[PDB]
Each structure stands twice: as C-alpha cells, then as structure tokens.
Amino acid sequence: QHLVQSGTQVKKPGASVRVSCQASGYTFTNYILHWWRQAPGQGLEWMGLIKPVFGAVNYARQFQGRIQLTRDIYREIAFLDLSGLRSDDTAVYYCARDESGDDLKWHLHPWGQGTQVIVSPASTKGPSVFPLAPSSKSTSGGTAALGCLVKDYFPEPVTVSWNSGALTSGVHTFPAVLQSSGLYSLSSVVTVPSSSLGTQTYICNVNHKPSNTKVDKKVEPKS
C-alpha cells in the first residue's frame, strides 16, 4: 500500500511540470487518486481527482486550462501536468488514494511522500558557509554556543552535521527560510561546554547535492 512520487523539481516561471505517482501494493484500477498541493504558510487545496479505469477526471475550477491528470493502467502510475507556472504555484504536491473504493467516501490513504515544485527565476547556486564563532556570550554556567550560517543557496535543501556525525548533542538545525533575494538561508547551531573550547575542534558538515557542494567549516572562537 504505497505511493511513491518523483523527486523535487525546479522550473522557471511560465514553464510546465510533470509529477509522477507510482502505486505499489494494491490493485491499481480499483481506487481513485486525488491530487493536492500545500504552499508554505498555507493550507491544503484540492487540485483534482482521477479514475484509473477510463482516465476520468474532475479538475478544480481554478486550474482548468492548466491542469492535466493522466495515468498508465499498466505501469500503475499517475501523473500531474501543470502549465503556465507562477510564483504562487511553488508548493508541495501530493497524490492520495481513496481507500473507500467504489463508494467514493474520500478516505485518503495512503499518500505520496510529496513532490516539492519550486517556481523561481533564480538559478542553481552553491551555499556560502559562515561561522557563528563562540564569544564571551555564555549562559547556563559553562555551556557556550557556536554554529554555522548557510546563506544564499538554491534550490532546497541543505544538510548539516557536526564532526562527521559524531556530534549530535545540543545540535539544532533550523528550518530554512526564503530571503527576498530569491535564495534560501539556513542556520545550524550547537551548544557545547565552555571548557571544551580550544581543546576540542568543531566542524559543521554542509552538503548541497543540487550543486554537488560539500563544505567542511571549522568554527573557532575569535581572540
């Protein structure tokens, strides 16, 4: 009972995008698929449904003339085509199955893992990793704070680990944010005991696969 969706995709404004949804465990022709999307800072909205038997559809009124729901009854895979992409079309697109079956009661299970579609005029850019060097700012007795500022990267996402994963204690990698410049930015900090400074090395490992970027940033306190 699984629905696997295609990887995240980045498109220029005005282009088009196709999102696939591979069904796995069940009899594909027996259940209806619904399509949803959720923009950041927004609720879920229904885009349309599709009936695998004859490819029957029902598009949301606001997507008609842009949206095309199709499937492959043999491959057992559904598709979503959206043309004339806009900035507000940047969202996480979902496909879900109506487990109720023929009586169409909108019992949605399971869901796809969600495909992120980013519509931006920006091109792929590697991140700039800056240090948040520990200073005289110390709270909770010993424990001081240090981190890495990951600025100006595109597109999502980035991964951050410390000391090749050997350090997870006190680590807080924050959810990225989208700056007005069109690029993303992320902060990852880690609190460590003050006495550990100087004696112990702290390096944040930043990986940005969309640009094949791997950065080993050593963070040490300013004199």
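Heads up: residue numbers just count along the shown sequence, starting at 1.
S.K.: Pick between 136-144 and 149-157: the one whose mean CA B-factor in the entry is higher.
M.R.: Higher mean C-alpha B-factor: 136-144.
S.K.: If you take the mean CA temperature factor per stretch, which one wins between 187-195 and 47-55?
M.R.: The stretch with the larger average C-alpha B-factor is 187-195.
S.K.: Between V117, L82, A122, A96, which one tops the list for Cα B-factor in this entry?
M.R.: The C-alpha B-factor peaks, among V117, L82, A122, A96, at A122.
S.K.: For the listed residues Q64, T70, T168, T27, which one has the largest C-alpha B-factor as given in the deposited model?
M.R.: It is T168.
S.K.: Give the position of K209 by CA B-factor within its chain, expressed as the lowest, middle or highest third.
M.R.: It belongs to the highest third of the chain when residues are ordered by C-alpha B-factor.
S.K.: What third of its chain, lowest, middle or highest, does the C-alpha temperature factor of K11 fall into?
M.R.: According to the entry, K11 has a C-alpha B-factor in the chain's middle third.
S.K.: Classify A39 as lowest, middle or highest third according to the C-alpha B-factor given in the PDB entry, relative to its own chain.
M.R.: For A39, whose C-alpha B-factor we compare with every modelled residue in the chain, the answer is the highest third.
S.K.: Compared with the other modelled residues in the chain, in which third is the CA B-factor of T173?
M.R.: Lowest third of the chain for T173's C-alpha B-factor.
S.K.: Which third, lowest, middle or highest, does the C-alpha temperature factor of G101 belong to within its own chain?
M.R.: Middle third.
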